[PDB]
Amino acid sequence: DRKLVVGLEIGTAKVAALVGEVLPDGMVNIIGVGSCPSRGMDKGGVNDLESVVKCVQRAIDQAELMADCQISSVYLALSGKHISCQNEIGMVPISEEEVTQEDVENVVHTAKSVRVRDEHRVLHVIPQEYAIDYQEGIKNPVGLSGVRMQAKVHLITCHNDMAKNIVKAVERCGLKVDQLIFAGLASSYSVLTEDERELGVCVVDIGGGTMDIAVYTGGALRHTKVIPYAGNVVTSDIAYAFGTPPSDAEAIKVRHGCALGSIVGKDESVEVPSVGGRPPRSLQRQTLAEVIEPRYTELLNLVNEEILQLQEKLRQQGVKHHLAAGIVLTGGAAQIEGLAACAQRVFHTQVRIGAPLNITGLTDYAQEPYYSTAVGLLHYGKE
């Protein structure tokens, strides 16, 4: 009745710790929500271990109190520039004419047994499709009849050391790390429906530093990618354009920003403190949107031409390649006004801002786009 699951993300602008309770119908009951503005981490990783330990424990302490429980283990969200993916294929004999569960384990281990690059470590082994004698597109093949079976898997890889620092901070707080999970995978478990997965969809988590991408076609995970340019780059463009402190460029962006310059009133204006003991700067909301907008299109175009690069790859191998469900933009930096209409002009398909699904309890606090990554760590963990 009461085996909890805890998800922890040490983001670049936030440290989210959520305690969830899994219910009989698969829905996760959110009973604790902890948060802390991130500290001690720069554009690379950890630059002060004791600094992030303070902020990690602060979020854990907040979640521990809200749920009246004692956290002992977590599912740590992992991201970063050096995440990569591989698509492999295996093959194994359907002995006994009937598919055993051991056969699926054997054929998945066969496909993943390829030669992974030096200094690279396999993080996730996700089967995507099975084939039993000319019949493809199979997801649950156990119990069926056949002679030869082929399996296709998605291999998410990382580096041997790119998570060593954040694992210490969690352990320094007296916590076990149950599993490292790619943020894009966890984000896809929160905002994506199985209807959207079959129809073909791509989920993009726009955080403060990274852009975690996952593309699903035919109900199968086909692509994962991190792009290390997110909300902080938009801020630095505002601080650069108007000569402002980066802390007040982040403030004017959250309160007055807009990724679409066509929907801003002409005479709305916001004051801006300048750098170097110089006076305020009274720009206009539409002019400010004229700086935010082209940064968002350039970022989403980096994602668009990787989808296009993926579709042509999938289209040639006879695999479902069209994204009919569209794009789901989640994450904290996805809450800017006019982003959906702005992202529509880049992908030329339907776009929607996604929030975590299949949760109860404290949805008021957790059903936010900047919680999709850490809520998905709960959805993954209960399996």
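Sequential numbering from 1, following the sequence displayed.
Out of 135-143 and 219-227, which stretch has the higher average CA B-factor listed in the record? If you average the C-alpha B-factors of 135-143 and of 219-227, the larger mean comes out for 135-143.
Averaged over C-alpha atoms, is the B-factor higher for 228-236 or for 267-275 in this PDB entry? The deposited B-factors put 267-275 ahead on the C-alpha mean.
Quick one: which of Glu198, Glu129, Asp248, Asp212 has the biggest Cα B-factor according to the entry? Most elevated C-alpha B-factor of the set, per the entry: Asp248.
Could you say which of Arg352, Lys43, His322, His348 has its CA atom at the highest B factor, as listed in the PDB entry? Out of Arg352, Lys43, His322, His348, the record gives the largest C-alpha B-factor to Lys43.
Grab the CA temperature factor for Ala183 from the record and place it in the lowest, middle or highest third of its chain. Its C-alpha B-factor belongs to the lowest third of this chain's values.
Chain third (lowest, middle, highest) by recorded CA B-factor, residue given as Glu21: Middle third of the chain for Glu21's C-alpha B-factor.
C-alpha B factor of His109, ranked within the chain: lowest, middle or highest third? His109: CA B-factor falls in the highest third of its chain.
Based on the deposited C-alpha B factors for this chain, I'd like to know if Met66 is in the lowest, middle or highest third. Middle third of the chain for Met66's C-alpha B-factor.
Would the CA B-factor of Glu368 place it in the lowest, middle or highest third of its chain? Middle third.
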